[PDB]
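Take a look at this single chain, the form deposited in one PDB entry, given in structure tokens.
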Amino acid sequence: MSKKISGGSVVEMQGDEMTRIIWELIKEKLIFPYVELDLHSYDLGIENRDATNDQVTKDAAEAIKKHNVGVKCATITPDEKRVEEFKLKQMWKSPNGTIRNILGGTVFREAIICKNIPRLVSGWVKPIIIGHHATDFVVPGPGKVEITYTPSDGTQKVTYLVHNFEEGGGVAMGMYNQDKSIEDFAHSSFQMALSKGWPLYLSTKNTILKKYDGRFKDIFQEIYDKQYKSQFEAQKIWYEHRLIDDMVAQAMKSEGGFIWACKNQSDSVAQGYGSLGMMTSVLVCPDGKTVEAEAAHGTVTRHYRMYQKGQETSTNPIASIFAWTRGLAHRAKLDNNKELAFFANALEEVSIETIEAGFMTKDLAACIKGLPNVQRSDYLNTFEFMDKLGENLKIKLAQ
């Protein structure tokens, strides 16, 4: 009489402040009632990180590498103010940084689209997934600036002229990129495309940077033809290179539903549009097995201060919920678990349908009709909305 799904091995990381409260509600109301998990829980709360000297963060990373699926709640990155607040032993490095450094791979951002919530481009009815991949100095006066390559094998040194400053000074800088980095970026991008069953596009400026950006185009094409092209044709999808100039135009005339590898912020645009609560951030390792899913937003400290004073809050849980669904969706693919695959999709649909039915948090109401025009009847508080998702999920899974 359990009735629940066998989810398998999932690494879970608890976080800080407002997201921590929402994270517990998601597990209690949306996940645990329907899914049984071999759950590897790690508390990346600031207090426990301080208590363990950030050893919990390193253990969490090694656990993700072993079990292949990670879902992470937003965490506090210590600054000077945070050290004084919690009396921290040290100004600990960003947990995200530590995890990224150990796992590696490419970060991919995906917005959640609802038909009753406006978009930057109204034509975009399906999400677009964006994947992102120096020594500068002042030239005091006239002189020759050159960039030189000295081979490790002790063969002849090669020299290239950057610019000869004949009158006056200016600035100069050198950039670089290793082949291994570009290969990893390509693999991750192809893995993501097959995982989602959408076509992939790489954008560069290879007309201008014929060698530098040319290397990106070449390495992508080589790896595609030799390893991935057959698997893409099997799912009726494709990979193509585009010039950034053409890609922007094509992307905006498109209706979305494709992967975009970008050689070059996505967050700033989301902040400007006020849609941080509706964007997820998945780290995809190039091995094709390991994945770490989380919200693109932080711990929402401002909202937490109101919660601490016992005031009503309306914090958007969709980004946090979709971190779970993307993680479980990947678990389902690795294990060929069609029951879990269905649940992951079902929860995503319930979430969108609930907002499309008119039930949403304050940020979404403000997005529709502007923040000044929002009244209390236009939206639900953090707990009311989670309850409404809970009721709608029970009905969908019963059907």
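Residues that one form lacks are left out of the comparison. The term rigid core refers to the most C-alpha atoms you can superpose between the two forms while keeping them within 1.5 Å. Residue positions are given as counts along the sequence shown, with the first one as 1.
Unshown form deposited in another entry; subsequent notes refer to it.
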item: Single mover in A74, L328, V291, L202, with Cα shift of 2 Å or more between this form and the one not shown when the core is superposed; value: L202
item: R100 C-alpha moves between this form and the one not shown by 2 Å or more, core aligned; value: no
item: Large Cα shift (2 Å or above) at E183 between this form and the one not shown, core-fitted; value: yes
item: Large Cα shift (2 Å or above) at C114 between this form and the one not shown, core-fitted; value: no
item: Pairwise C-alpha change, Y176 versus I99, in the other entry against this form - closer or farther, 3 angstroms or more; value: closer
item: Direction of Cα pair change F322-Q235 in the other entry, magnitude 3 angstroms or more; value: farther
item: Residue ranges moving between this form and the one not shown (criterion: at least three consecutive CA positions shifted 2 angstroms or more, core aligned); value: 119-129, 134-179, 181-183, 186-264, 268-274
